[PDB]
$ cat data.cif   # mmCIF, C-alpha atoms and all ligand atoms
data_model
loop_
_atom_site.group_PDB
_atom_site.id
_atom_site.type_symbol
_atom_site.label_atom_id
_atom_site.label_comp_id
_atom_site.auth_asym_id
_atom_site.auth_seq_id
_atom_site.Cartn_x
_atom_site.Cartn_y
_atom_site.Cartn_z
ATOM 1 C CA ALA G 702 -113.415 48.895 285.758
ATOM 2 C CA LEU G 703 -111.241 51.307 287.793
ATOM 3 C CA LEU G 704 -107.789 52.786 287.424
ATOM 4 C CA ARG G 705 -105.251 50.700 289.304
ATOM 5 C CA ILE G 706 -102.633 52.683 291.181
ATOM 6 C CA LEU G 707 -99.510 50.681 290.378
ATOM 7 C CA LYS G 708 -96.339 50.439 292.426
ATOM 8 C CA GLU G 709 -93.076 50.780 290.482
ATOM 9 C CA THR G 710 -91.943 47.352 291.742
ATOM 10 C CA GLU G 711 -94.955 45.728 290.018
ATOM 11 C CA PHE G 712 -93.612 46.223 286.431
ATOM 12 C CA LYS G 713 -90.449 46.497 284.342
ATOM 13 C CA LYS G 714 -89.599 48.322 281.105
ATOM 14 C CA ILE G 715 -88.081 45.966 278.497
ATOM 15 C CA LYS G 716 -87.722 48.029 275.335
ATOM 16 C CA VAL G 717 -88.394 51.481 273.976
ATOM 17 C CA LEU G 718 -91.179 51.331 271.348
ATOM 18 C CA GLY G 719 -91.358 55.019 270.471
ATOM 19 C CA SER G 720 -91.639 58.590 271.711
ATOM 20 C CA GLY G 721 -94.262 61.246 270.928
ATOM 21 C CA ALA G 722 -95.496 64.679 271.996
ATOM 22 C CA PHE G 723 -96.451 63.292 275.427
ATOM 23 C CA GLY G 724 -93.460 61.087 276.283
ATOM 24 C CA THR G 725 -91.748 57.714 275.664
ATOM 25 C CA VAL G 726 -93.632 54.434 275.147
ATOM 26 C CA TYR G 727 -92.046 51.155 276.298
ATOM 27 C CA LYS G 728 -92.894 47.498 276.059
ATOM 28 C CA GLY G 729 -92.946 46.053 279.529
ATOM 29 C CA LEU G 730 -94.206 43.300 281.773
ATOM 30 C CA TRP G 731 -96.591 43.772 284.641
ATOM 31 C CA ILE G 732 -96.972 41.214 287.408
ATOM 32 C CA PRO G 733 -100.014 42.363 289.452
ATOM 33 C CA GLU G 734 -99.221 42.371 293.218
ATOM 34 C CA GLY G 735 -100.498 39.154 294.819
ATOM 35 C CA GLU G 736 -101.249 37.478 291.457
ATOM 36 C CA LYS G 737 -99.087 34.960 289.577
ATOM 37 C CA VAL G 738 -100.073 36.016 286.009
ATOM 38 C CA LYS G 739 -97.596 38.211 284.050
ATOM 39 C CA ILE G 740 -99.194 40.726 281.626
ATOM 40 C CA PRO G 741 -97.288 42.242 278.653
ATOM 41 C CA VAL G 742 -97.984 45.999 278.815
ATOM 42 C CA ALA G 743 -97.253 49.219 277.001
ATOM 43 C CA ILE G 744 -96.087 51.967 279.355
ATOM 44 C CA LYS G 745 -96.112 55.620 278.493
ATOM 45 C CA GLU G 746 -93.954 57.864 280.676
ATOM 46 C CA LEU G 747 -94.857 61.553 280.280
ATOM 47 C CA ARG G 748 -92.168 64.264 279.910
ATOM 48 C CA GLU G 749 -92.076 66.915 282.681
ATOM 49 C CA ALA G 750 -95.556 66.061 283.960
ATOM 50 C CA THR G 751 -94.570 67.157 287.425
ATOM 51 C CA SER G 752 -96.588 70.319 288.256
ATOM 52 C CA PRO G 753 -99.348 69.959 290.956
ATOM 53 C CA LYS G 754 -101.950 71.454 288.643
ATOM 54 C CA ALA G 755 -101.210 69.090 285.725
ATOM 55 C CA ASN G 756 -100.814 66.149 288.092
ATOM 56 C CA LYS G 757 -104.422 66.564 289.230
ATOM 57 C CA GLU G 758 -105.663 67.159 285.657
ATOM 58 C CA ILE G 759 -103.879 63.997 284.495
ATOM 59 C CA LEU G 760 -105.278 61.907 287.308
ATOM 60 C CA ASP G 761 -108.821 63.131 286.670
ATOM 61 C CA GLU G 762 -108.502 62.371 282.972
ATOM 62 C CA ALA G 763 -106.934 58.926 283.713
ATOM 63 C CA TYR G 764 -110.000 57.875 285.724
ATOM 64 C CA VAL G 765 -112.132 58.422 282.627
ATOM 65 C CA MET G 766 -109.669 56.592 280.297
ATOM 66 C CA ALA G 767 -109.841 53.620 282.739
ATOM 67 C CA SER G 768 -113.669 53.588 282.576
ATOM 68 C CA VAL G 769 -114.115 52.643 278.904
ATOM 69 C CA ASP G 770 -115.318 49.110 278.354
ATOM 70 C CA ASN G 771 -115.639 48.036 274.755
ATOM 71 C CA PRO G 772 -113.888 45.371 272.550
ATOM 72 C CA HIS G 773 -112.718 48.046 270.070
ATOM 73 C CA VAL G 774 -111.444 50.701 272.519
ATOM 74 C CA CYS G 775 -108.161 50.489 274.432
ATOM 75 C CA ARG G 776 -108.696 50.946 278.194
ATOM 76 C CA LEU G 777 -106.161 52.460 280.612
ATOM 77 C CA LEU G 778 -105.324 49.705 283.096
ATOM 78 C CA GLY G 779 -103.362 51.765 285.582
ATOM 79 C CA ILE G 780 -101.052 54.630 286.487
ATOM 80 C CA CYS G 781 -97.792 54.749 288.379
ATOM 81 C CA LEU G 782 -96.918 57.979 290.178
ATOM 82 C CA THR G 783 -93.343 58.507 291.389
ATOM 83 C CA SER G 784 -91.030 61.240 290.153
ATOM 84 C CA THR G 785 -92.844 60.739 286.841
ATOM 85 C CA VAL G 786 -96.214 59.736 285.501
ATOM 86 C CA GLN G 787 -96.430 56.320 283.797
ATOM 87 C CA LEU G 788 -99.646 55.164 282.066
ATOM 88 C CA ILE G 789 -100.151 51.442 281.580
ATOM 89 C CA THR G 790 -102.276 49.540 279.061
ATOM 90 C CA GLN G 791 -102.299 45.999 277.753
ATOM 91 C CA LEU G 792 -99.706 45.576 274.980
ATOM 92 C CA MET G 793 -101.235 45.357 271.470
ATOM 93 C CA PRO G 794 -98.434 43.216 270.103
ATOM 94 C CA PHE G 795 -98.992 43.797 266.401
ATOM 95 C CA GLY G 796 -98.525 47.580 266.841
ATOM 96 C CA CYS G 797 -100.496 50.289 265.019
ATOM 97 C CA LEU G 798 -102.850 49.596 262.120
ATOM 98 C CA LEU G 799 -101.073 52.119 259.834
ATOM 99 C CA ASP G 800 -97.799 50.226 260.124
ATOM 100 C CA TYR G 801 -99.542 46.841 259.870
ATOM 101 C CA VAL G 802 -101.240 47.740 256.562
ATOM 102 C CA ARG G 803 -98.001 49.143 255.143
ATOM 103 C CA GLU G 804 -96.160 45.920 256.226
ATOM 104 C CA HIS G 805 -98.806 43.453 254.978
ATOM 105 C CA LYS G 806 -100.296 45.322 252.047
ATOM 106 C CA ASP G 807 -99.261 42.558 249.626
ATOM 107 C CA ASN G 808 -101.513 40.066 251.357
ATOM 108 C CA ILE G 809 -104.354 42.114 252.879
ATOM 109 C CA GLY G 810 -107.757 41.175 251.494
ATOM 110 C CA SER G 811 -111.131 42.890 251.237
ATOM 111 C CA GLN G 812 -112.762 41.059 254.137
ATOM 112 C CA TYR G 813 -110.059 42.364 256.551
ATOM 113 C CA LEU G 814 -110.236 45.976 255.302
ATOM 114 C CA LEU G 815 -113.988 46.174 255.669
ATOM 115 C CA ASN G 816 -114.011 44.440 259.042
ATOM 116 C CA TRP G 817 -111.469 46.945 260.344
ATOM 117 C CA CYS G 818 -113.829 49.727 259.175
ATOM 118 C CA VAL G 819 -116.735 48.140 261.112
ATOM 119 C CA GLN G 820 -114.627 47.688 264.254
ATOM 120 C CA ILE G 821 -113.329 51.237 264.286
ATOM 121 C CA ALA G 822 -116.910 52.571 263.771
ATOM 122 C CA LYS G 823 -118.033 50.383 266.612
ATOM 123 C CA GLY G 824 -115.433 51.725 269.049
ATOM 124 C CA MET G 825 -116.071 55.344 267.905
ATOM 125 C CA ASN G 826 -119.829 54.712 268.400
ATOM 126 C CA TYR G 827 -119.037 53.587 271.956
ATOM 127 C CA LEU G 828 -116.997 56.735 272.671
ATOM 128 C CA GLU G 829 -119.879 58.811 271.282
ATOM 129 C CA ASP G 830 -122.210 56.983 273.713
ATOM 130 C CA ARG G 831 -119.737 57.777 276.515
ATOM 131 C CA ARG G 832 -119.720 61.458 275.444
ATOM 132 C CA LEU G 833 -115.990 61.224 274.648
ATOM 133 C CA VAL G 834 -114.671 63.115 271.646
ATOM 134 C CA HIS G 835 -111.558 61.571 270.063
ATOM 135 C CA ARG G 836 -109.928 64.647 268.409
ATOM 136 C CA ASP G 837 -107.119 62.633 266.777
ATOM 137 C CA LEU G 838 -108.560 59.529 265.070
ATOM 138 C CA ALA G 839 -106.082 58.225 262.421
ATOM 139 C CA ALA G 840 -104.816 54.789 261.420
ATOM 140 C CA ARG G 841 -101.727 55.504 263.581
ATOM 141 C CA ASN G 842 -104.138 55.634 266.647
ATOM 142 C CA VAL G 843 -105.769 52.291 265.797
ATOM 143 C CA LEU G 844 -103.877 49.361 267.360
ATOM 144 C CA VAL G 845 -103.913 45.749 266.284
ATOM 145 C CA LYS G 846 -104.575 43.139 268.949
ATOM 146 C CA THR G 847 -104.719 40.388 266.279
ATOM 147 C CA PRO G 848 -105.137 40.851 262.452
ATOM 148 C CA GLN G 849 -108.857 40.147 263.111
ATOM 149 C CA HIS G 850 -109.229 42.551 266.096
ATOM 150 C CA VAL G 851 -108.352 46.284 266.272
ATOM 151 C CA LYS G 852 -108.969 48.858 269.014
ATOM 152 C CA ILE G 853 -108.937 52.670 269.009
ATOM 153 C CA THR G 854 -106.527 54.509 271.338
ATOM 154 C CA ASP G 855 -105.097 57.962 272.276
ATOM 155 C CA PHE G 856 -108.639 59.561 272.343
ATOM 156 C CA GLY G 857 -109.890 62.198 274.856
ATOM 157 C CA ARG G 858 -108.140 65.407 275.921
ATOM 158 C CA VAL G 876 -101.667 69.507 264.855
ATOM 159 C CA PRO G 877 -102.916 66.741 262.442
ATOM 160 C CA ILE G 878 -104.376 69.153 259.885
ATOM 161 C CA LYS G 879 -104.827 66.494 257.213
ATOM 162 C CA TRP G 880 -107.180 64.389 259.425
ATOM 163 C CA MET G 881 -109.121 67.371 260.795
ATOM 164 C CA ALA G 882 -112.622 68.486 259.902
ATOM 165 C CA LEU G 883 -112.746 71.931 258.211
ATOM 166 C CA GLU G 884 -114.562 73.403 261.255
ATOM 167 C CA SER G 885 -111.798 72.055 263.492
ATOM 168 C CA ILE G 886 -109.123 73.687 261.349
ATOM 169 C CA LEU G 887 -110.913 77.082 260.930
ATOM 170 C CA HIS G 888 -112.727 77.312 264.281
ATOM 171 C CA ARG G 889 -111.211 74.733 266.683
ATOM 172 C CA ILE G 890 -114.600 73.081 267.048
ATOM 173 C CA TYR G 891 -114.397 69.354 267.904
ATOM 174 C CA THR G 892 -117.426 67.115 268.220
ATOM 175 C CA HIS G 893 -118.471 63.546 267.403
ATOM 176 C CA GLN G 894 -119.150 64.850 263.900
ATOM 177 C CA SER G 895 -115.632 66.193 263.454
ATOM 178 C CA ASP G 896 -114.508 62.698 264.626
ATOM 179 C CA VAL G 897 -116.610 61.337 261.733
ATOM 180 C CA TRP G 898 -114.498 63.302 259.263
ATOM 181 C CA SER G 899 -111.243 61.887 260.655
ATOM 182 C CA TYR G 900 -112.902 58.428 260.428
ATOM 183 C CA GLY G 901 -113.316 59.009 256.698
ATOM 184 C CA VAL G 902 -109.652 59.875 256.358
ATOM 185 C CA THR G 903 -108.722 56.803 258.460
ATOM 186 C CA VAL G 904 -110.733 54.566 256.084
ATOM 187 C CA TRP G 905 -108.980 56.174 253.109
ATOM 188 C CA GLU G 906 -105.617 55.329 254.733
ATOM 189 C CA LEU G 907 -106.678 51.655 254.976
ATOM 190 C CA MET G 908 -108.026 51.425 251.416
ATOM 191 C CA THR G 909 -104.863 52.986 250.040
ATOM 192 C CA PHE G 910 -102.773 50.475 252.029
ATOM 193 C CA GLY G 911 -101.361 53.308 254.199
ATOM 194 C CA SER G 912 -100.820 56.201 251.740
ATOM 195 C CA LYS G 913 -100.286 59.696 253.231
ATOM 196 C CA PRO G 914 -103.348 61.975 252.735
ATOM 197 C CA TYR G 915 -102.809 65.018 250.474
ATOM 198 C CA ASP G 916 -99.226 63.985 250.016
ATOM 199 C CA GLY G 917 -96.891 66.844 249.107
ATOM 200 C CA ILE G 918 -99.592 69.514 249.679
ATOM 201 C CA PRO G 919 -98.394 71.632 252.692
ATOM 202 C CA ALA G 920 -100.570 71.714 255.829
ATOM 203 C CA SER G 921 -100.894 75.483 255.430
ATOM 204 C CA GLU G 922 -102.982 75.001 252.251
ATOM 205 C CA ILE G 923 -105.441 72.364 253.362
ATOM 206 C CA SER G 924 -108.330 74.623 254.489
ATOM 207 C CA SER G 925 -108.214 76.377 251.092
ATOM 208 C CA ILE G 926 -108.277 73.136 249.085
ATOM 209 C CA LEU G 927 -111.141 71.949 251.273
ATOM 210 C CA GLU G 928 -112.951 75.308 250.947
ATOM 211 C CA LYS G 929 -112.603 75.056 247.160
ATOM 212 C CA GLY G 930 -114.344 71.687 247.621
ATOM 213 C CA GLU G 931 -111.444 69.362 246.808
ATOM 214 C CA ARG G 932 -111.167 66.017 248.706
ATOM 215 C CA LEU G 933 -108.991 62.865 248.868
ATOM 216 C CA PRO G 934 -109.304 60.828 245.628
ATOM 217 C CA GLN G 935 -111.046 57.497 245.098
ATOM 218 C CA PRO G 936 -108.747 54.643 246.257
ATOM 219 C CA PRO G 937 -108.379 52.272 243.235
ATOM 220 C CA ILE G 938 -109.728 49.168 245.008
ATOM 221 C CA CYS G 939 -112.741 51.067 246.160
ATOM 222 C CA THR G 940 -116.083 50.508 244.497
ATOM 223 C CA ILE G 941 -118.180 53.668 244.148
ATOM 224 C CA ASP G 942 -120.442 52.833 247.083
ATOM 225 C CA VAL G 943 -117.468 52.709 249.501
ATOM 226 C CA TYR G 944 -116.033 55.996 248.194
ATOM 227 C CA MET G 945 -119.467 57.582 248.689
ATOM 228 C CA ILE G 946 -119.367 56.723 252.421
ATOM 229 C CA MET G 947 -115.975 58.432 252.660
ATOM 230 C CA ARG G 948 -117.131 61.474 250.670
ATOM 231 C CA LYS G 949 -120.064 61.760 252.989
ATOM 232 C CA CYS G 950 -117.749 61.962 256.053
ATOM 233 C CA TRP G 951 -116.113 65.079 254.537
ATOM 234 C CA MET G 952 -119.120 67.305 253.946
ATOM 235 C CA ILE G 953 -118.806 70.930 255.159
ATOM 236 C CA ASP G 954 -122.005 70.656 257.158
ATOM 237 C CA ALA G 955 -121.123 68.525 260.150
ATOM 238 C CA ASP G 956 -124.767 67.420 260.577
ATOM 239 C CA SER G 957 -124.900 66.109 256.991
ATOM 240 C CA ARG G 958 -122.047 63.617 257.700
ATOM 241 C CA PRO G 959 -123.004 59.987 258.691
ATOM 242 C CA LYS G 960 -123.324 59.009 262.346
ATOM 243 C CA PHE G 961 -121.087 56.254 263.753
ATOM 244 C CA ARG G 962 -124.189 54.058 264.271
ATOM 245 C CA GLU G 963 -124.919 54.439 260.533
ATOM 246 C CA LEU G 964 -121.356 53.673 259.580
ATOM 247 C CA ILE G 965 -121.563 50.392 261.581
ATOM 248 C CA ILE G 966 -124.661 49.281 259.601
ATOM 249 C CA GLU G 967 -123.343 50.295 256.187
ATOM 250 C CA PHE G 968 -119.885 48.758 256.561
ATOM 251 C CA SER G 969 -121.390 45.667 258.223
ATOM 252 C CA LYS G 970 -123.529 45.233 255.116
ATOM 253 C CA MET G 971 -120.504 45.477 252.891
ATOM 254 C CA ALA G 972 -118.485 43.048 255.075
ATOM 255 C CA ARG G 973 -121.149 40.415 254.289
ATOM 256 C CA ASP G 974 -120.096 40.672 250.648
ATOM 257 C CA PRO G 975 -116.479 42.000 250.496
ATOM 258 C CA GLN G 976 -115.574 41.173 246.906
ATOM 259 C CA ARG G 977 -118.578 43.145 245.670
ATOM 260 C CA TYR G 978 -117.360 46.358 247.347
ATOM 261 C CA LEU G 979 -113.598 46.279 247.155
ATOM 262 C CA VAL G 980 -111.793 44.928 244.177
ATOM 263 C CA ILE G 981 -108.235 43.834 244.870
ATOM 264 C CA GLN G 982 -107.004 42.128 241.768
ATOM 265 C CA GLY G 983 -104.026 41.726 239.443
ATOM 266 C CA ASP G 984 -101.286 44.389 239.395
ATOM 267 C CA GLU G 985 -100.939 45.756 242.955
ATOM 268 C CA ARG G 986 -98.760 48.634 241.696
ATOM 269 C CA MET G 987 -102.152 49.888 240.370
ATOM 270 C CA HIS G 988 -103.800 49.822 243.854
ATOM 271 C CA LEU G 989 -102.114 53.153 244.818
ATOM 272 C CA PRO G 990 -103.842 56.606 244.411
HETATM 273 O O1 LIG I 1001 -101.927 56.537 277.673
HETATM 274 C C1 LIG I 1001 -102.115 56.704 276.477
HETATM 275 N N1 LIG I 1001 -101.481 55.963 275.557
HETATM 276 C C2 LIG I 1001 -100.647 54.927 276.027
HETATM 277 N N2 LIG I 1001 -100.000 54.188 275.174
HETATM 278 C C3 LIG I 1001 -99.266 53.154 275.742
HETATM 279 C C4 LIG I 1001 -99.264 53.125 277.084
HETATM 280 S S1 LIG I 1001 -100.397 54.376 277.668
HETATM 281 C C5 LIG I 1001 -103.103 57.735 275.970
HETATM 282 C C6 LIG I 1001 -104.466 57.150 275.927
HETATM 283 N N3 LIG I 1001 -105.548 57.936 275.517
HETATM 284 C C7 LIG I 1001 -106.622 57.178 275.591
HETATM 285 N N4 LIG I 1001 -106.322 55.959 275.997
HETATM 286 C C8 LIG I 1001 -104.951 55.922 276.217
HETATM 287 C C9 LIG I 1001 -104.547 54.524 276.631
HETATM 288 C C10 LIG I 1001 -105.835 53.674 276.659
HETATM 289 C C11 LIG I 1001 -106.938 54.679 276.253
HETATM 290 N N5 LIG I 1001 -102.964 58.868 276.857
HETATM 291 C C12 LIG I 1001 -103.727 59.082 278.075
HETATM 292 C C13 LIG I 1001 -103.174 60.356 278.648
HETATM 293 C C14 LIG I 1001 -102.176 60.782 277.830
HETATM 294 C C15 LIG I 1001 -101.475 61.977 278.083
HETATM 295 C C16 LIG I 1001 -101.793 62.667 279.297
HETATM 296 C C17 LIG I 1001 -101.101 63.869 279.630
HETATM 297 C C18 LIG I 1001 -100.493 64.854 279.885
HETATM 298 C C19 LIG I 1001 -99.800 66.076 280.214
HETATM 299 C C20 LIG I 1001 -100.520 67.200 280.714
HETATM 300 C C21 LIG I 1001 -99.804 68.370 281.006
HETATM 301 C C22 LIG I 1001 -98.388 68.426 280.877
HETATM 302 C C23 LIG I 1001 -97.582 69.685 281.227
HETATM 303 N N6 LIG I 1001 -97.819 70.854 280.337
HETATM 304 C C24 LIG I 1001 -96.975 70.890 279.099
HETATM 305 C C25 LIG I 1001 -97.070 72.270 278.395
HETATM 306 C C26 LIG I 1001 -98.564 72.646 278.247
HETATM 307 C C27 LIG I 1001 -98.762 73.908 277.412
HETATM 308 O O2 LIG I 1001 -99.174 73.470 276.120
HETATM 309 C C28 LIG I 1001 -99.254 72.775 279.616
HETATM 310 C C29 LIG I 1001 -99.223 71.360 280.235
HETATM 311 C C30 LIG I 1001 -97.693 67.316 280.411
HETATM 312 C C31 LIG I 1001 -98.372 66.156 280.077
HETATM 313 C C32 LIG I 1001 -102.812 62.192 280.126
HETATM 314 C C33 LIG I 1001 -103.470 61.038 279.824
HETATM 315 C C34 LIG I 1001 -104.582 60.540 280.702
HETATM 316 F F1 LIG I 1001 -105.824 60.587 280.072
HETATM 317 F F2 LIG I 1001 -104.433 59.271 281.085
HETATM 318 F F3 LIG I 1001 -104.719 61.208 281.871
HETATM 319 C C35 LIG I 1001 -102.075 59.845 276.699
HETATM 320 O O3 LIG I 1001 -101.211 59.968 275.833
#
$ encode --input "data.cif" --output "C-alpha cells"
Amino acid sequence: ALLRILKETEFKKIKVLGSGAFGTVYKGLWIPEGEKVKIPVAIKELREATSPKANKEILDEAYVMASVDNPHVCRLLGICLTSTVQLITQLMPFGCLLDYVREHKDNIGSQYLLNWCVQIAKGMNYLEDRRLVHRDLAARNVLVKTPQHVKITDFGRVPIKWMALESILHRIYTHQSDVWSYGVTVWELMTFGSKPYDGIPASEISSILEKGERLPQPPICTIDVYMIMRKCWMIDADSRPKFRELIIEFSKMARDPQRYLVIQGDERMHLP
C-alpha cells in the first residue's frame, strides 16, 4: 500500500527490544486514528536523523519500504516525524529467526528448516522482482511471525562473514551477492544458529575465500542440501543459483524432509 504518516499520539512505546547501528527498537501499540483496532508494532527510532538532506533521503527510501507486498517480506507500515524519525512495522512477536533457532534447537525438525529456506527464497525472489537488493541478508534479519511463517527485513539501502567475495573486495552488491548471503543464512539454520567462520578474524575472510575455503557441511545436511549452499558461494556471481531456482529446489526437498536432512540421536553431534 502506502506509507502512513503517523501522529505521535497514535502509538505508545512499551518496552525496549534492542538497539543497532541505526537506532533503538521498541515494542509498542498502535491504535490507528479513527479505528478501534489496536496493532502491536515494532518502532525504530533513528539516532541523530535530523539533517534536512538525510530527512529527505529517509522519506524517499521509506516510500519504497512501504511498497513491498509479499507474505515473506516485512513491509514498513508508517513513519512518525517529530524531533526524531520513528519507523513502524507490525510486531513479529517471536523475534528473529537466529534467536528462535538457538532457543528451540532441541525440538526443531527437518520440515521446519526446509520450509524456512523456501520462504526466505520466496521473499528474496520478490525483492529481486522489485529490483531491491538486500545487502545484509542473515538469519538475524529474518523475523518469525509464527514458527510456520518467517519474513525478511532490514533490506534496501560490515558483515564480512555473510558477504560475497566481490562485495568484500570490490563493494559490488547485486541480487547475486544476495544469493551468497542466502547460502550463509541457510548454513546458520542447518547448524542451529552457529556463527560462520567462528574464531577466524574478519580481516582474513577474503584470503580464505580466495584460497577456495568455505563453510563446512552441517552434520544434519545430506549432500544434496550442502551442494545448494556450495553453489551460492561460487566466485563467479553468474554461476550461483537464482532465487527462483532456490524456491524450486528447496520446495522439492520440503516434500520429503527426512530424505534431505537427518536429525537423529545425539544432538551434541549436530554441531559443525
Ligand atoms: O525500519 C526498519 N526496521 C524496523 N524494525 C522495527 C521497526 S522499523 C528497516 C527496514 N528495512 C526494510 N524494511 C524495514 C522495516 C520493514 C521493511 N529500516 C528502514 C530504514 C532504516 C534506516 C533508515 C535510515 C537512516 C539514516 C540516514 C542518515 C543518517 C545520518 N547520517 C549518519 C552518518 C552518515 C555517514 O556514514 C551520513 C548519514 C542517519 C540515519 C531509513 C530507513 C527507511 F528505508 F525506511 F527509510 C531501517 O533500519
$ closest_residue --input "data.cif" --among "G:788, G:966, G:767, G:760" --to "residue 707 in chain G" --atoms "only C-alpha atoms"
G:788
$ residues_near_ligand --input "data.cif" --ligand "ligand LIG 1001 (chain I)" --cutoff "8 Å" --atoms "only C-alpha atoms and all ligand atoms" --output "MDAnalysis selection string"
chainID G and resid 723:724 726:727 742:752 755:756 758:767 769 774:778 780 787:792 853:858
$ residues_around --input "data.cif" --residues "range 898-911 of chain G" --least-positions-apart "2" --cutoff "6 Å" --atoms "only C-alpha atoms" --output "PyMOL selection string"
chain G and resi 799+802-803+806+838-840+880-882+895-896+936+947+950-951+989
$ closest_residue --input "data.cif" --among "G:814, G:819, G:704, G:722" --to "residue 781 in chain G" --atoms "all atoms listed in the file"
G:704
$ atom_distance --input "data.cif" --atom1 "CA of residue 703 in chain G" --atom2 "CA of residue 826 in chain G"
21.5 Å
$ atom_distance --input "data.cif" --atom1 "CA of residue 739 in chain G" --atom2 "CA of residue 798 in chain G"
25.3 Å
$ closest_residue --input "data.cif" --among "G:797, G:918, G:818, G:883" --to "residue 952 in chain G" --atoms "all atoms listed in the file"
G:883
$ atom_distance --input "data.cif" --atom1 "CA of residue 834 in chain G" --atom2 "CA of residue 892 in chain G"
5.9 Å
$ resolve_selection --input "data.cif" --expression "the PyMOL selection byres (((chain G and resi 921) around 12) and not hetatm)" --output "ChimeraX atom specification"
/G:876-879,886-887,915,917-920,922-927
$ resolve_selection --input "data.cif" --expression "the PyMOL selection byres (((chain G and resi 851) around 8) and not hetatm)" --output "list in words"
residues 773, 798, 817, 820, 821, 843, 844, 845, 846, 847, 848, 849, 850, 852 and 853 of chain G
$ closest_residue --input "data.cif" --among "G:805, G:831, G:823, G:728" --to "residue 969 in chain G" --atoms "all atoms listed in the file"
G:823
$ resolve_selection --input "data.cif" --expression "the PyMOL selection byres (((chain G and resi 945) around 12) and not hetatm)" --output "list in words"
residues 901, 904, 905, 932, 933, 934, 935, 936, 939, 940, 941, 942, 943, 944, 946, 947, 948, 949, 950, 951, 952, 958, 959, 964, 967, 968 and 978 of chain G
$ closest_residue --input "data.cif" --among "G:779, G:753, G:975, G:729" --to "residue 717 in chain G" --atoms "only C-alpha atoms"
G:729
$ closest_residue --input "data.cif" --among "G:772, G:930, G:733, G:983" --to "residue 828 in chain G" --atoms "only C-alpha atoms"
G:772
